[PDB]
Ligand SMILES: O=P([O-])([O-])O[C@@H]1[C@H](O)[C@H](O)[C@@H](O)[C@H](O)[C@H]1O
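Quick heads-up: it's one chain on its own, the form deposited without the ligand, in structure tokens.
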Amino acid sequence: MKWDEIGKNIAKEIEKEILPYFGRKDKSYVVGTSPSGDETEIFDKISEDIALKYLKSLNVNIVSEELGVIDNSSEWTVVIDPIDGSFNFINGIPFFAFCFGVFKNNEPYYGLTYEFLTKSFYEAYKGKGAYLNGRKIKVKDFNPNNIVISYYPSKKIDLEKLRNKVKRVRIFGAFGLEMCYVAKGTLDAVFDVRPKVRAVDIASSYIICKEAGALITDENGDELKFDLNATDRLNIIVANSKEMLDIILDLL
């Protein structure tokens, strides 16, 4: 059973257990507060549990938004965001996804990202190409007019500066899956200078952007580095290229 066979299973299973919850704002209570502050809706937990029901038997560490960490001493740890974008999901906004990330000794091994309503498996092995349902995806070739980013800026962020250079603005309110929309050349880039995105949100899509050509810098335009934890919020800047990144970095 390969790592994707693992992930893919989990995601499909999760798919069926929780789709009748999409929009159903009346069907979901909160079951508790998680490490990062965020509230765990029952839809959230339920998804993470199916994940836990598979990775439980194996000897591996776990990182997972709701539940937090579960160190098992292995040179293998998985990072799952059981639902990337609980909001959109409960408010019937069709921008959610499942995030599965595997790390051998804190190093990129294989990232799974499943966007439920498209049936789109975004996955990629460390050094082996980033794909889309098989099809070979890669970031987009920059265009100094046709830029199309999605942002989550800070107060100090000059907005008019940005918006004048950007050709199209989108903001789908799920940063992981938005990364993958960079992964395939849809989006030119997507940042978040308002430290919110935790490890568990960007893990699986970290690995895929890498294997697709994205840059994935931090605030000061430096090679983003992070720790495997369901805590600590950080500044990420996934991008299309230098030039793009260039553009971003300054406006901040």
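Note that residue numbering begins at 1 and tracks the sequence as displayed. Rigid core here is just the name for the largest C-alpha set that superposes within 1.5 Å across the two forms. Shifts are known only where both forms have a C-alpha.
The same protein also exists as the form solved in complex with the ligand; that form is not shown, yet it is the one meant from here on.
Residue 83 is the only one of 180, 78, 83, 112 with a heavy atom lying within 4.5 Å of the ligand in the bound PDB entry. The contact with the ligand in the bound PDB entry, taken as any heavy atom within 4.5 Å, belongs to 201 out of 201, 41, 211, 188. With the ligand omitted here, the record of contacts in the bound PDB entry names 172-180 of 172-180, 113-121, 70-78, 131-139, defined by a heavy atom within 4.5 Å. In the bound PDB entry, at least one heavy atom of residue 196 sits within 4.5 Å of the ligand. Within 4.5 angstroms of the ligand in the bound PDB entry, the stretch 55-78 places a non-hydrogen atom from 65 alone. Note: rigid core superposed between this form and the one not shown; among 185, 213, 35, 221, the CA shift is 2 Å or more only at 35. 35-38 is the only run of at least 3 consecutive shared residues whose C-alphas each shift by 2 Å or more between this form and the one not shown once the core is superposed.
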